[PDB]
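Single chain ahead, by itself, as structure tokens, in the form deposited in one PDB entry.
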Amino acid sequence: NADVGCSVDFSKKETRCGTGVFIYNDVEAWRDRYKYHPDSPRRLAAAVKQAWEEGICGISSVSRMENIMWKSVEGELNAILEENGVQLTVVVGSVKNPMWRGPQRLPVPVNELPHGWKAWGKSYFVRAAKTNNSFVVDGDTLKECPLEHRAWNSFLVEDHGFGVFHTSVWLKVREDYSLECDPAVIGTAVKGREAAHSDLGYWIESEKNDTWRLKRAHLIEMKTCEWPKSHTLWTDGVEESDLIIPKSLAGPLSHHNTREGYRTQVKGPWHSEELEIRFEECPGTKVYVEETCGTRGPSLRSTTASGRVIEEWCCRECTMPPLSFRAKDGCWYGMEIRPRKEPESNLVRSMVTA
């Protein structure tokens, strides 16, 4: 509440300074400035060892930055485990979207794993030998560790740390059970006729038109924790079935997360690595409102597998401009928006149900 800053205020036509609350868009910024780090690698190693002994065979990361943290500390955790004679290998793979919940939780260990004080030699520097027992973090590893035996949402941000090139975000294993997204990295603000619900992976803009409505959003992850109402604007009398970004995808439970003529986009292209929600026709396409249209269904891409653009689309009672998702492989339409003449079986469809 007591940060000091200066800014160009475009809506108030002034450049000024003062104290206040400043919410930065670090989602769309090309500069990477935050890195997650364990509060204590030796304590995290002990939590992993205990988790494994309790039948927790791996991790489903909540967020893109958690997976990056696991990848950067993998070698260190394995060296600590080997230093203590623990036959266990942390194996960190890629994130797949959506980042589905797991039901287990890392335990808080009483003690960290200590230093071994082994003879001076290459063991202080080289990676640990691979073992028979893989503690798998994300990756394509469901056969060896099914999702129901993985821990998810076990961390809380303990503090931020100063750094010259990156700002550290220290993560600690929490004691409490929670489904909620970590509020330490959430920033939500409204000013005049625009608002943003944000964290390190979601930048969700709303605006006052005739009513408040979703304006645009950019998501560089697809997480499944619950966005906390404490950090959400205008939460009363909201119907979850009207929330554009579903609750089950960390959508804010807010009138700001709604748009007339659209219901919750549970079958959007949430397999995508990142998505922009934009109310605008896909390139080369037109949408027509007509009750004869097909019904809501899986989101469809505007281009076929061969690259052919589908020119004409419809929706039974949605509103213009149309809801679209912009992804690396092209432009996708809201669930309401179906091809007008083309069979849907010729198109690329979302296989995800959030």
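Residues carry their position along the shown sequence, with the first being 1.
From this point on, the text means the form deposited with a partner chain bound, which you will not see here.
Among 261, 284, 116, 103, the residue placing a heavy atom within 4.5 Å of the partner chain in the deposited complex is 103. Only one segment in the set 85-93, 67-75, 125-133, 143-151 has any non-hydrogen atom within 4.5 angstroms of the partner chain in the deposited complex, and it is 143-151. Though the partner is left out of this view, residue 354 does reach within 4.5 Å of the partner chain in the deposited complex, counting heavy atoms only. With a 4.5 Å cutoff on heavy atoms, residue 177 counts as touching the partner chain in the deposited complex.
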